[PDB]
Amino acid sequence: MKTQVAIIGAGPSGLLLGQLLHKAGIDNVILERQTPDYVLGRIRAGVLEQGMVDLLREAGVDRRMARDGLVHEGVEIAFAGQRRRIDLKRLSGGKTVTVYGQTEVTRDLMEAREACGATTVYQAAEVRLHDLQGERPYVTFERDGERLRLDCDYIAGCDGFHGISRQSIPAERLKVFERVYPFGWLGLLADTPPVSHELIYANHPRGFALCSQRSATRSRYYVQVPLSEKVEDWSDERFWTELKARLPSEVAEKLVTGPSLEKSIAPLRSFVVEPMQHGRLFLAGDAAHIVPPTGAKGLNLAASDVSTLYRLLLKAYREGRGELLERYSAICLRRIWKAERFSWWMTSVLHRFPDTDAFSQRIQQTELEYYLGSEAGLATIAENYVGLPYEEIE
């Protein structure tokens, strides 16, 4: 087989890139290790930045989102028995965020891809990348036992943190920056109405808690738990009891509980690689960087990498300006580092760290008191939360 752009991975990144590309007349093939069902089983993200919402519209896949997505103009932060609302819309100069689950976005993209008839090979086993610096790179994979070869001009690694693409770049050409946090997030999805019309991030002495949502009748809650925890040790009831213990009394009082549709523990980590490309290979999304969940930046940074890669590829194909692709990493990294700083900051002010001295606890509290009580402080959170602007290019 032959194509123009080979895409490794059919998660949000790969699908969004493939859709934008297909629409502009640039053929592309997506190779995915798993089955459609497996991919669709991942809950993950719930909050989308306006930039992501616009990219979905550009890809022509925004019908269901415009109908079912919930637009939020603010978020709350609870600490020391007090709730403080950050008016995102007012403080950011009018931007908002949209709550629409990653499962839904992924479903929307998959349906859109099927209808247009673009190529997607699921269960593509043992993908290998070859001749990354040649003028003609290629991908080999196994489909039901037979090893097939796919020739292409460029390869976009949209295979997530454990993908093959980042591993295919000579380790010496890469610089890695990583921080592992001593805790994880225990999440629970339930078919119960959310306790509030807006999200509530809570810093409590017992640990972090977050009240989120997926729709008017589906909620997503999270509690900070140490890394030693096994999800089998958390019955639905133990979780609700713990959640309630971490929320302000008036919030825990009106919480509608129910059986879990899904429960899982996500460990927190920060990770960035520089550069994000090697030869004809370009990394995007979780393949190039991981941000802790706090602040909802992961899927949102993937979207900007994608927006940037798509536009550079368009220039290369439509305008014969292939030299612009050398700028990919420089452009992406500027936004990646600022979002990493934001997620890192949010995580550090909202969670309870293990070996914390009295001075640090007081500074943590004061950070909250300052940023939440100052108009300039509220504005730094707000502009960061809605998402910093995308870089123009050229």
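The numbering used is simple: start at 1 and walk along the sequence shown.
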**Q.** Stretch with the higher entry mean CA B-factor, where the candidates are 213-221 and 291-299
**A.** 213-221
**Q.** Stretch exceeding the other in mean C-alpha B-factor - 78-86, 271-279
**A.** 78-86
Q: Sort 118, 169, 139, 313 by C-alpha B-factor from the entry and give me just the highest.
A: 169
Q | C-alpha B-factor winner, where the candidates are 153, 178, 305, 111 | A | 111
**Q.** Third of the chain's Cα B-factor distribution that residue 55 belongs to, per the entry
**A.** middle
Q | Where the record places residue 359 (Cα B-factor, split into thirds across the chain) | A | middle
**Q.** Position of residue 135 among the chain's modelled residues by C-alpha B-factor, lowest, middle or highest third
**A.** highest
Q: Among all modelled residues of this chain, ranked by Cα B factor, put residue 207 in the bottom, middle or top third, i.e. lowest, middle or highest.
A: middle
Q | CA B-factor ranking of residue 194, expressed as a third of its chain | A | middle
